[PDB]
């Protein structure tokens, strides 16, 4: 942890996970101010909006923070497949007096397909830039490192970690099956090894090269200590920060995570088009069930789901929301983010 904190310029080996739709400049700044590494996610925003968000964080903290971008294979539009998916969803929209959207859009541009993102990052120079779903080309990773920036990439397997090493990243974020949100699997069509945090962190620390940031299921200082025993250099925690008042989780999401539903999470591909973990609801169904048409590509599926979420929310219905949560959800606490960071550090010290 001394090595990692020195590398990142921070006091504590704790990253508050970037969480699209949940992390905020206020949350990131609170964690960075408290001594960890706060994070924001800027995928889905135009580069100049991402720039504004980065500048917002800087107006709230002097300390290092992490800017996260999705690096998936660029989605492949398929109007016919998307049409059939929308037709399939039509009765759900109709419950709320709505029709499905007339077309789906590539709402989350990959780092690999939006050439305006890299130069913006090279200008703003956040302390850390992180990638999910894949690693950028080595030359782009090097460009970021050429200015101040530390580069992290998420991996879910030793094979993916090898690719992160090849990309020249400064650290690998080892995401275990416990983790909330969309899984960082590079090529899900090849399957999902679905490796638990305890095995994955040990495997990458033992037979790997880079500092390992443990992600998935860690909710308290005991979990941080366990990750460190396995050989991690730091932890990345998402679910633990969702209930912070600084996050942009809405009231229904906070209520869900605080209550009995927190007892069980599940994986779904039907929410976004990519395997993701959260509190199961009506958007969690079997994609291989009879009558269910072929799934469109990521992220077009999520565009469809967001339209349905909008229609449901317009009638006060939250049963289609994306309430992401890891397998430690039952251990969630509701605290100001700075207090949570401090509490984690006290628990880590023992």
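Residue numbers count along the first chain shown, from 1.
Asker: Can you tell me which stretch has the higher mean Cα B-factor, 110-118 or 209-217?
Answerer: Higher of the two, by average CA B-factor, is 110-118.
Asker: Identify the stretch, either 147-155 or 262-270, whose C-alpha atoms have the larger mean B-factor according to the entry.
Answerer: Per the deposited B-factors, the answer is 147-155.
Asker: In terms of recorded Cα temperature factor, pick the maximum from 27, 312, 67, 295.
Answerer: Of the options given, 295 has the highest CA B-factor in the PDB entry.
Asker: From 182, 198, 166, 71, can you pick the one with the highest C-alpha B factor in the entry?
Answerer: Comparing C-alpha B-factors across 182, 198, 166, 71, the top value belongs to 166.
Asker: Select lowest, middle or highest to describe the third in which the CA B-factor of residue 59 falls within its chain in this entry.
Answerer: It belongs to the highest third of the chain when residues are ordered by C-alpha B-factor.
Asker: Comparing against every modelled residue in the chain, figure out the third that the C-alpha B-factor of residue 133 lands in (lowest, middle or highest).
Answerer: Ranked within chain, residue 133 CA B lands in the middle tercile.
Asker: Would you mind ranking residue 101 by its C-alpha B-factor against the rest of the chain and naming the third, lowest, middle or highest?
Answerer: According to the entry, residue 101 has a C-alpha B-factor in the chain's middle third.
Asker: Can you tell me whether residue 248 has a C-alpha B-factor in the lowest, middle or highest third compared with the other modelled residues of the same chain?
Answerer: Within its chain, residue 248 is a middle-third residue by C-alpha B-factor, going by the deposited values.
Asker: Could you place residue 254 in the lowest, middle or highest third of its chain by Cα temperature factor, using the values in the record?
Answerer: Its C-alpha B-factor, which the entry lists for residue 254, ranks in the middle third among residues of this chain.
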